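The chain that follows stands alone, in the form deposited in one PDB entry, written as structure tokens.
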């Protein structure tokens, strides 16, 4: 046997334990292949079980320290001296065609993959599976429900709601790529005093004809004014006669039955959902079901109430049903689940909704993409499902995120998301016209500008970890130089130009290129880069951070761009021209994959 054989032995090798081996996928992750190899070999040298070595292998910070490394201390070898072991094991390590070099360094052992070896396997793999390159089957017939955005249709959809939307869109695409069935659910906040306020407000300032001219502009004007009332008349006018109370009243009429209200409501409900469907689509998102606070009946809600008692979780307080979660967690406190008047509160509705979902979908996992401002709530909610004894309770997860600051209707700082997009599109359109020759070759400058701007908007948000807050600033959405959406778009766009620029050669020929011709440092760094996308995605699903992907995407595009200035595809020998076309080709495919994963839309020209 030999090299093509070692690969087989390594692909059908579960050196990892029943737990971690479910992570080893030598077949679709070059780094895993190496993890296997390195483990098998280092075991033969060290005497240490390979299952102990595998998880001790770490991907490096920068590509200067190798492709993987292992901290000897981690192996916990009694009385040993890591620095010596490193040296010993390192100088004796079999490189073969896999590794380029193994070098001891302090208590660590670094492993430098052989770029040639990588090239021959990764590019073809990438060029062949294309949109499925990063893919990996991490789950066996599992269904997940991801509830995201879930806005209150009675309030302006501003820049702040961009977050729960794109994050949820991301997790959805990510989960699918790793083998999950995904239900994209928008849990619309469409049943309460808030809508009441909007309805009342429409009587006060609404104008049926202006509504038709531009529903949204008018409705916003309505929202604005009616809200000035609640503010201006603070604690004066007695409830029944005040605006606020008048709003609560309108909701009563609905929750009561008033066929008159349930009509103006349903009218709004249908319309809003239509307006939303376009917006989400403009962000490459298509919900499977548009649920909502309304969709959870008093049946499901009360059935839950009984369960709280049935399990001895509630206590009576002057007619109100409460739940003191202290027993379970001091920080959780007490929660009102139903008030004296009988009205079940939102904490109870959420539990209803939950149970309803488990019944209808029998999901293996449900992800709640809410904002950090609902941390306590989310926690209580989860705790309750636990103590209710639901098996699935343990399959619920809350993915939070920081807030976009600088959005206030009463401060006039408010700016709708549809407009943020639009305004950015126009700006991107102008920079696009700065280059006549090129601009001329674009068929739909408008469509493309909007794609470019959206990438700008999305990336600037996904660059840092969800948890981080950030100040709304137009310059954040309008920048195109440096690490910005436009940067990725331009890289993708120029890699395509290079392709078109050499139609003379086609993909089929790329896969069988003489990869040995990709020996330059720049090409090596880029090759190594290419084989990490698979690890990136799997790590992405652990951190649930768009930034996990975006960070990679820039290292990739950065390296690509470096290469772009030294490795020409044009004016070369057909042999070298095909070699680099396969390199840039794969690079483009990976960038394509990642961008889509994040929810952006690659552009061919800009």
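Residue numbers count along the first chain shown, from 1. Basically, rigid core = biggest C-alpha set you can superpose within 1.5 Å across the two forms.
What comes next is about the form solved in complex with a small molecule, which does not appear here.
Novice: Using 4.5 Å between non-hydrogen atoms, is residue 461 touching the small molecule in the deposited complex?
Specialist: Flag for residue 461 set to no.
Novice: Does residue 450 reach the small molecule in the deposited complex, with heavy atoms at most 4.5 Å apart?
Specialist: Residue 450: no, not in contact with the small molecule in the deposited complex.
Novice: Quick one: does residue 346 come within 4.5 Å of the small molecule in the deposited complex, counting heavy atoms only?
Specialist: Answer yes; at least one heavy atom of residue 346 falls within 4.5 Å of the small molecule in the deposited complex.
Novice: Is residue 370 close enough to touch the small molecule in the deposited complex, meaning at least one heavy atom pair within 4.5 Å?
Specialist: Residue 370: contacts the small molecule in the deposited complex.
Novice: Quick one: find which of 221 to 229, 372 to 380, 481 to 489, 71 to 79 has residues within 4.5 Å of the small molecule in the deposited complex by heavy atom distance.
Specialist: Of the options, only 372 to 380 has residues within 4.5 Å of the partner.
Novice: Between the options 150, 272, 424, 243, which residue brings a heavy atom to within 4.5 Å of the small molecule in the deposited complex?
Specialist: Result of the distance check: 150.
Novice: Among 187, 93, 250, 265, which has at least one heavy atom within 4.5 Å of the small molecule in the deposited complex?
Specialist: Among 187, 93, 250, 265, a heavy atom within 4.5 Å of the small molecule in the deposited complex occurs only for 187.
Novice: Superposing on the core, which single option in 376, 467, 239, 281 has a CA shift of 2 Å or more between the shown form and the other one?
Specialist: The only residue crossing the 2 Å threshold is 239.
Novice: Determine whether the C-alpha of residue 201 shifts by 2 Å or more between the shown form and the other one once the rigid core is superposed.
Specialist: Yes: residue 201 shifts by at least 2 Å between the shown form and the other one.
Novice: Against the rigid core, is the Cα displacement of residue 223 between the shown form and the other one at least 2 Å?
Specialist: Yes: residue 223 shifts by at least 2 Å between the shown form and the other one.
Novice: Superposing on the rigid core, I want to see if residue 248 changes position between the shown form and the other one - specifically a Cα shift of 2 Å or more.
Specialist: Result for residue 248: yes, a 2 Å-plus shift.
Novice: Residue 220 and residue 294: their C-alpha distance differs by 3 angstroms or more in the deposited complex. Do they come closer or move farther apart compared with the shown form?
Specialist: It is closer: the C-alpha separation of residue 220 and residue 294 falls by at least 3 Å in the deposited complex.
Novice: Relative to the form shown here, do the C-alpha atoms of residue 189 and residue 219 sit closer together or farther apart in the deposited complex, given a change of 3 Å or more?
Specialist: Closer together, which means the C-alphas of residue 189 and residue 219 are at least 3 Å nearer in the deposited complex.
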